[PDB]
Protein chains: 2
Amino acid sequence: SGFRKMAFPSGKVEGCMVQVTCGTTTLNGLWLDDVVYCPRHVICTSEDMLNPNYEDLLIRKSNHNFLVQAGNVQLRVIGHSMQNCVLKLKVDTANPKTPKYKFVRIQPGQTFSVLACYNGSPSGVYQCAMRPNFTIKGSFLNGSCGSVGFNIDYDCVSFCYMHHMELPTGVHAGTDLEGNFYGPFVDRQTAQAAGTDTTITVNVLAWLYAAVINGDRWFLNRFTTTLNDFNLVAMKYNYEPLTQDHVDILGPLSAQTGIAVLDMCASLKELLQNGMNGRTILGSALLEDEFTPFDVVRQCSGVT
Amino acid sequence: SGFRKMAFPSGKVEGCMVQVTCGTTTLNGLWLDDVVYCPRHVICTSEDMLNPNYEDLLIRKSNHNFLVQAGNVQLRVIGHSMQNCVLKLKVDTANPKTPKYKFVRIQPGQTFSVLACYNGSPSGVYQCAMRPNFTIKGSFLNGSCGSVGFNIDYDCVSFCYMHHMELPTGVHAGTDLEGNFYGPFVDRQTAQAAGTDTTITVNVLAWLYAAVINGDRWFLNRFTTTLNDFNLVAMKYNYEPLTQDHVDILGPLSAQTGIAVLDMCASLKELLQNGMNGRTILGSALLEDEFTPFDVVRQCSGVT
Ligand SMILES: Cc1ccncc1NC(=O)C[C@H](C)C(C)C
Ligand SMILES: Cc1ccncc1NC(=O)C[C@H](C)C(C)C
């Protein structure tokens, strides 16, 4: 019992972190096999970041200009290429600590762990959700670029995110491992509109199930609702419209607890309409949306 | 920018996790050098846990009864001894992955990372505080015993906690690495009184400083207070009395932001007396007490 905002164990990802230096800019790189992946903005100076011409800036760079260090070892760079907003530096040594891994593009509403790094060194790990608007509310300072987001299925690391930018709003933006930004963002120092965000409804419901499993039950009521009725409330409160695909994914939680999904929806409706009345659910005074139904099941069963 | 409940990178601790089996009980052990540390209740059966006579139960066990597995390798146990509530199993092989480490007894109010494990396998990592009453509000299921709590100072892992028990209240209790329980707890299946808990005042103040550094400033007011006046409010609201030692530790945060500690105390006083008025501070709708002033400084500067 007990429910925590748990991150995946970061060990497998720590073994992949390197420092990449180009000119006077230093950030983090991900060394998998004989390739080091890092944000392409490692090639820019302050005078360039307003609107960098990345193709031109990269042409002034040679393999020997990318200094790659894995703590005590220097990696020999034998190739460089830009793919979207990432640089792929081919090195002459395959990382001995390369885990089994996949590069995956996650969907908005999904969660992952972030290993925050500075100068190739891991500083901490936290769990977060990809917002429906494709931003993440992380904890990143200057130098944290190149830090990655991931999920782990037993022995396989699915890398889903690489940090590139802090928007003027203090929210964060980044790419998948092919360098495609999540959301409308570009790697330029310009104010950029993040879409209207919504709360991840299926996640809040998943968390309400985690609350019931773990003893917090005060929010359960004598009511039920329909997807249509619930979706009118979700609309008023800027929540994602709930679909049958969301109800289906909550099936295991609904089955374990015996609380029908639409009955939990009626508890959620009442909390949106009345608030918490100064009470808490799993140590939180608001409706948490950073746990997917998969994360709830995994945490509640003891999956390693 | 951004502030998250960050855990230390778990890599160094993952390399130490083993599975310990005795009879039909399996839990986790910590393999450091040629010793494996685990909760002594690995030697009990269900018929014993009401009031185990641990000395007698251990006398029926020989080195060969403790099965220690580090994933694919079986460790050869050449000695066993009970120290307080932990067993120390001497193995014939020093762990090649042993980090530089210390065994430390933390104080109430301090924080640490927990690497939740099942059958010697890491499942997740989260940050938590040792409550002033010596319990922790973790996320532990049956099989998680032997999971450890720790802090990391660059290359050195200070192990402070080993999980032993879930109280009937769903809160958790454990020992330091010498097997001494934090708090009044005994390793028996009996209802046990956890002391009256309080909120860790210095931590809440540290978090209010993290909020100001990161943009959340709405709670700052035109007031100030004294330790005496603030302590009357802390009394009414079950907060730890603030001392000059706490004010002193907040010095770096007070210096960086230019907000005197007693001025932040007056903001805290107003939030205790008025609540949040449906607003949030760093994504939280309550006063967070799981960040020490050290954690705030480390996260806000980028320490690896
Ligand atoms: C300053 C900072 C703090 C946290 N995360 C990231 C950053 N860096 C940036 O946003 C600048 C970067 C070159 C983009 C314009 C592509
Ligand atoms: C069931 C469980 C779930 C989470 N954490 C721990 C546990 N185990 C116990 O509390 C039983 C143990 C033998 C104590 C009586 C010493």
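Residues numbered from 1 in each chain as written, not as in the entry; some residues may be left out. Chains lettered and ligands numbered in written order. Heavy atoms only, no water.

Per the deposition metadata, X-ray crystallography was the technique used to determine this entry, at a resolution of 1.529 Å.

Draft legend 1. A look at the site of ligand 1. Residues and elements named next belong to chain A. Around ligand 1 there are 14 residues in total, and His 41, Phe 140, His 163, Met 165 and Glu 166 lie nearest to it. Here an oxygen atom of ligand 1 and a backbone polar atom of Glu 166 are 2.9 Å apart. Calculation on ligand 1 without its partners gives an accessible area of 420 Å², and the protein chains cover 88% of this total. Taken together, the residues of the shell around ligand 1 break down into five nonpolar, six polar and three charged. (Near = heavy atom within 4 Å. Polar contact = N/O pair within 3.5 Å; in protein donor to acceptor, adjacent residues only side chain to side chain. Areas by Shrake-Rupley, 256 points an atom, 1.4 Å probe, with all protein chains shown as cover. Nonpolar A, V, L, I, M, F, W, Y, C, P; charged D, E, K, R; others polar.)

Draft legend 2. Spatial organisation of the sheet that holds strand β1 (residues 17–22) of chain A. Residues and elements named next belong to chain A. Reading across the sheet, the seven strands line up as β5-β4-β1-β2-β3-β7-β6 and stay open at both edges, with antiparallel pairing between neighbours. Among the strands making up the open sheet, the edge pair consists of β5 (73–75) and β6 (77–83). Looking at each pair of strands side by side, their axes are set apart by 30° on average, direction ignored. Pairing of strand β4 (residues 67–70) with β5 involves three bridges; the strand directions are antiparallel. Looking at the pairing, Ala 70 lines up with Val 73 of β5. (Pairing = 2+ DSSP bridges. Helix = DSSP H or I, 4+ residues; strand = E, 2+ residues; numbered from the N terminus. Axes fitted to C-alpha atoms, helices over the stretch in contact; angles between N-to-C directions.)

Draft legend 3. Representation of the environment of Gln 127 of chain A. Topologically, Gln 127 of chain A is positioned in strand β10 (residues 121–129). Classification of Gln 127 of chain A as buried rests on a relative accessible area of 4%. Once the C-alpha coordinates of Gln 127 of chain A and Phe 8 of chain A are considered, the two residues, 119 residues apart in sequence, prove to be 7.8 Å apart. Residues in contact with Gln 127 of chain A, not counting those within four places in the same chain, are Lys 5, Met 6, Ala 7, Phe 8, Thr 111, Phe 112, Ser 113, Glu 290 and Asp 295 of chain A together with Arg 4 of chain B. Reaching out from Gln 127 of chain A, the side chain makes a polar contact with the side chain of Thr 111 of chain A at a distance of 3.4 Å. At a separation of 2.7 Å, a polar atom in the side chain of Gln 127 of chain A contacts the side chain of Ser 113 of chain A. (Buried < 20%, exposed > 50% of the residue type's maximum accessible area, 1.4 Å probe, protein only. Contact = heavy atoms within 4.5 Å.)

Draft legend 4. Quick peek at the side chain of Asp 289 of chain B. Residue and element names in this part refer to chain B. Note that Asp 289 resides in the loop between α7 (261–274) and α8 (293–301). Reaching out from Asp 289, the side chain makes a polar contact with the backbone nitrogen of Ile 200 at a distance of 2.8 Å. Once residues lying within four places of it in the same chain are set aside, the contact partners of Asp 289 are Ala 129, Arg 131, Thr 198, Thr 199, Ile 200, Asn 203 and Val 204.

Draft legend 5. Just the packing of helix α4 (residues 227–236) of chain B against α7 of chain B, in detail. All names here are of chain B. At a minimum axis separation of 10 Å, α4 and α7 run at an interaxial angle of 25°. Taken together, the axis directions place α4 and α7 in an arrangement best described as roughly parallel. With respect to the hand of their crossing, α4 and α7 are arranged in left-handed fashion. Note on element contacts: α7 touches α4 through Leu 262, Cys 265, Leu 268, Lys 269, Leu 272 and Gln 273, opposite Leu 227, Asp 229, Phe 230 and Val 233. Tallied by class, the residues present in the contact of α4 with α7 amount to seven nonpolar, one polar and two charged. (Parallel < 35°, antiparallel > 145°, perpendicular 65-115°, else oblique. Left-handed = near helix turned anticlockwise from the far one by under 90°.)

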